[PDB]
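Protein chains in written order, with the deposited numbering: chain B, 304 to 343, 354 to 721; chain A, 302 to 343, 352 to 722.
Just so it is clear, CB atoms sit at the ideal spot from N, CA and C, and this is done for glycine as well.
What follows is a set of notes on a single structure, which appears directly below.
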Ligand code: HEM
Ligand code: HEM
Ligand SMILES: Cc1cc(N)nc(CCc2cncc(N3CCN(C)CC3)c2)c1
Ligand SMILES: Cc1cc(N)nc(CCc2cncc(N3CCN(C)CC3)c2)c1
Ligand SMILES: C[C@H](O)[C@H](O)[C@H]1CNc2nc(N)[nH]c(=O)c2N1
Ligand SMILES: C[C@H](O)[C@H](O)[C@H]1CNc2nc(N)[nH]c(=O)c2N1
Ligand SMILES: [Zn+2]
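Right, dumping it as structure tokens:
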């Protein structure tokens, strides 16, 4: 069946044919939908997957059934036979990484999908090696404010035992500190991890915005600590254009969003260490990081300085403070010439992207729950965009947190 | 399928365990390969389709009154069975109807207001025969529910469907709405969403005032007959002029809204019986008016005009002028309503209440189906607890369902 998606603001209908290509699961069934749940190999399992991916590769470069296509299939089988795995060609690495991005149902930034710088770190063997590759990534992608999308890809999983893992969930995050008095310094969501670094020898500057060091595991070994050189870590001070007292709140944030805990899957190979990075949508910092109760939780403070009536919730004081906070973040980043996108422009870009995808690909998997900004939802166009969600490969998937699996 | 499904709250780490999903009856639209979570909408039943459905409901009822397997239970079952066999249908007891309607609400996965599910005045209009009768019942509903501003939840149930050629239908999608008029020049006046329906009314004889907030008449279908127009007595239609606690200019925008939210186009399904006309009503969450009715582009679209009187930079977008104006609009909506002593609930309170409700439903009922996409308010989502709440969505019966628009299916006599 061909499936139709409607936009309820423009009454545009698009026809999804793409979903017929998907093979992974979604977690839903005919009777139970899990749309809001965050998280729902051997020689024999590994070949057809390999066959599938090569097939869509030579399909995407107009050489299906070609001579080059055949020998590649030949190469792969013989290689899976005698090593229980196989190694991707370069061109294949780039395609697969770009396509996992293109297939990432939760990313609103996919208009950018084909413009991705891929770093091949498959020759890496040590944590020192990784640190090096990551630093170069961070510097390339940060580019002095003019952010560029990138991904760095370390050796594929072999036997589970000798996995490569960046332990930090993101390349750049602030430390969180448990205080005797029950409160918490810095980012509360990182306290456990922060505690693992102190427990490893990290001398923590017990501050509010301390850049956690890198914890890098190479080839199944003990992870090792590495402080990223401060000159490569770009932070932005947050100020407000009308409220001169906003800089007194002392807020900064890093400019480079780089996810490092996900697993990139291509033709049945598992790349358990693939830090990737684009640039920030304002709301991520402005709404989630700053205003989640489980996070930096600044609303109450900001609402004080704004002199709002905080007695009853129906003064929408929280809403007011939230808006001004996000104005600040955009203003700061913009003033510092640091790439950032506001949620209106990012969502617009997404609807345009989505139209493109249907036009040339026959669909575009999308997770409405993740795509719709965490504030001002129905005033962005994706709120009114029906989206079909489904899982295409290559893809980014979650994996266990390393500290729940590794033996020392 | 799995017997225990766990949902997590990412703000509070609270993990709940759903068992109720096993009693899921209908399809969600989703499959293992694809999810339709964000899709808005993803001749009668026979004897042998009806027996099992009726029993399921009756069993469930007698389970709730702690009389399962009782004499009265088996006698109720035999009576219903013998009724379906001789008449091809059956009639619900008044207690069964009341239980069924409260439970359809309780099961309404899209409703953030369900904490009130058990307080619902149920008006049994199964004795209605004419559109005039329908109008009488609906007026009485409006008056009772409005309660001079202190709204009370209510539903009025008109006769169940028989052969499909004799349906009772309320044609209005909601009992109280504002007209929309298309102009020659392409501009819309009033509520652009209701243009199609306003034209139907005009065609059926309505003489339109052609203003911005003209209350549409009821268009009512009884017993499968052609529909008839009625104007709700204006004294029954409570309205609230929108003003702002701070901006004195806000009242200059000439905005008002109706107090009573009343859905009238949905089908109420109890034990295999279909009540195609079952208008029900509660009270408003601010964002419904403040964000959707007022700021949707396809609706009243006031964002720009509020943005100009606020004097905001409207040339960028990263000024977030839209967002600023949106907050203010919703402050005015909550203010005008509270100031006229008309029941309304802000999105913070409502969503917190839903979390308490949900938790209690898992505790006592083993689950509570919820549609995250609908539950999360259309503004400031992340700062309301529901956003962080994992939800399972599944369709339980009795339920409220969607149904074709009557002008698309009606056969004109
Ligand atoms: C270039 C500008 C980009 C923008 C503006 C953007 C925007 C976003 C945003 C706002 C989210 C939500 C993040 C969260 O709430 O945790 C997200 C998620 C995601 N993005 Fe992008 N992104 C960009 C680049 C990229 C790149 C380069 C990749 C991969 C190479 C990518 C893949 C993903 C994935 C897999 C997720 C889901 C993360 C998860 O499941 O936690 N994005 N994106
Ligand atoms: C008592 C106060 C109530 C509140 C605060 C409330 C809240 C809400 C809200 C905000 C929506 C979304 C409306 C929209 O976006 O169009 C909704 C939808 C819904 N509500 Fe409630 N509600 C209340 C009463 C009721 C009652 C009495 C019933 C039924 C007996 C009910 C059943 C439903 C159903 C079936 C929907 C889905 C509507 C649709 O599919 O368009 N609600 N509710
Ligand atoms: C590729 C990419 C683009 C983008 N705009 N944002 C991201 C998320 C990056 C990111 C950085 N720091 C922290 C997080 N956390 C916030 C808290 N959340 C629970 C997990 C993600 C996420 C990734
Ligand atoms: C029982 C009930 C409670 C409540 N808080 N809201 C409702 C919805 C009432 C309502 C009134 N007017 C119009 C609508 N429309 C808005 C636009 N939407 C597309 C369809 C519903 C809905 C019903
Ligand atoms: C496309 C999407 O399903 C649709 O726009 C939904 C989003 N969530 C909603 N939530 C509520 N309460 N009401 C709505 O009309 C909608 N619209
Ligand atoms: C439970 C729910 O899925 C959770 O709050 C989701 C909702 N949508 C989200 N959307 C984005 N972009 N990021 C998130 O972390 C989440 N969290
Ligand atoms: Zn689903």
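As the crow flies, the alpha-carbon of residue 619 of chain A is around 25 Å from that of residue 692 of chain A. Taking 7 Å as the cut-off, one finds at least one heavy atom of ligand 7 near enough to the beta carbon of residue 337 of chain A. Residue 413 of chain B sits in a helix when the DSSP states are folded into three classes. Between residue 565 of chain A and residue 522 of chain A, the CB-CB gap stays under 8 Å. By the criterion of at least three beta-carbon pairs nearer than 8 Å, the segment 604 to 622 of chain B is in contact with the segment 487 to 502 of chain B. Under the criterion of beta carbons closer than 8 Å, residue 525 of chain A and residue 481 of chain A qualify as touching, at roughly 6 Å. Within the segment 315 to 335 of chain A, the residues whose Cβ lies closer than 7 Å to some Cβ of chain B are 322, 325, 328, 329, 331, 332, 333, 334, 335, listed in chain order. Nothing from the segment 503 to 528 of chain B brings a Cβ to less than 7 Å from some Cβ of chain A. In this structure, the CA atom of residue 581 of chain B is about 49 Å from the CA atom of residue 599 of chain A. Secondary structure of residue 710 of chain B (DSSP, three-state): strand. The beta carbon of residue 339 of chain A sits closer than 6 Å to the beta carbons of 682 from its chain, once the five residues preceding and following it are set aside; these are given in chain order.
Taking a beta-carbon distance threshold of 8 Å, residue 472 of chain B does not count as an interface residue toward chain A. Here residue 705 of chain B is buried. Its C-beta has 16 or more other C-beta atoms within 10 Å. Taking 7 Å as the cut-off, one finds at least one heavy atom of ligand 6 near enough to the beta carbon of residue 682 of chain B. Under the Cβ criterion (8 Å, minimum of three pairs), the segment 659 to 667 of chain A counts as touching the segment 412 to 430 of chain A. The C-alpha of residue 510 of chain B is placed about 52 Å away from the C-alpha of residue 647 of chain A. At a threshold of 7 Å, residue 483 of chain A does not count as near ligand 5, since its beta carbon sits no closer than that to any of the ligand's heavy atoms. In the three-state reduction of the DSSP assignment, residue 366 of chain A falls in the helix class, which pools H, G and I.
Per DSSP, residue 309 of chain B lies in no alpha helix (DSSP H) segment; the continuous beta strand (DSSP E) that holds it begins and ends at 306 to 309. Residue 331 of chain A and residue 463 of chain A have their C-alpha atoms some 32 Å from each other. Cβ neighbours of residue 356 of chain B within its own chain (closer than 6 Å, five residues either side excluded): 393, 397. With a contact defined as Cβ atoms closer than 8 Å, residue 653 of chain A and residue 591 of chain A miss out at about 11 Å. Against chain B, the CB of residue 575 of chain A has no partner CB under 8 Å away; the residue lies outside that interface. Between ligand 3 and the CB of residue 592 of chain B, the shortest heavy atom gap is smaller than 7 Å. Residue 550 of chain A sits in a strand when the DSSP states are folded into three classes. Per DSSP, residue 682 of chain B is one residue of the alpha helix (DSSP H) stretching across 681 to 684. The segment 321 to 329 of chain A makes no contact with the segment 667 to 685 of chain B, as fewer than three CB pairs between them are under 8 Å. Per the coordinates, the alpha-carbon of residue 579 of chain A lies some 22 Å from the alpha-carbon of residue 529 of chain A. In the three-state reduction of the DSSP assignment, residue 671 of chain B falls in the helix class. Interface criterion not met: the Cβ of residue 673 of chain A is under 8 Å from no Cβ in chain B. Annotation: residue 557 of chain A has no Cβ neighbours in chain B at a cutoff of 8 Å; minimum Cβ distance is about 18 Å.
The criterion of a C-beta distance shorter than 8 Å is satisfied by residue 427 of chain A and residue 411 of chain A. Nearest to residue 465 of chain A by alpha-carbon distance, out of A/552, A/545, A/366, A/576, is A/576.
If you draw a straight line from the Cα of residue 690 of chain A to the Cα of residue 377 of chain B, it comes to about 47 Å.
Within chain A, no residue has its CB atom less than 8 Å from the CB of residue 452 of chain B, the nearest being about 27 Å off. In this structure, residue 478 of chain A sits away from residue 707 of chain A, with a CB-CB distance that is not shorter than 8 Å.
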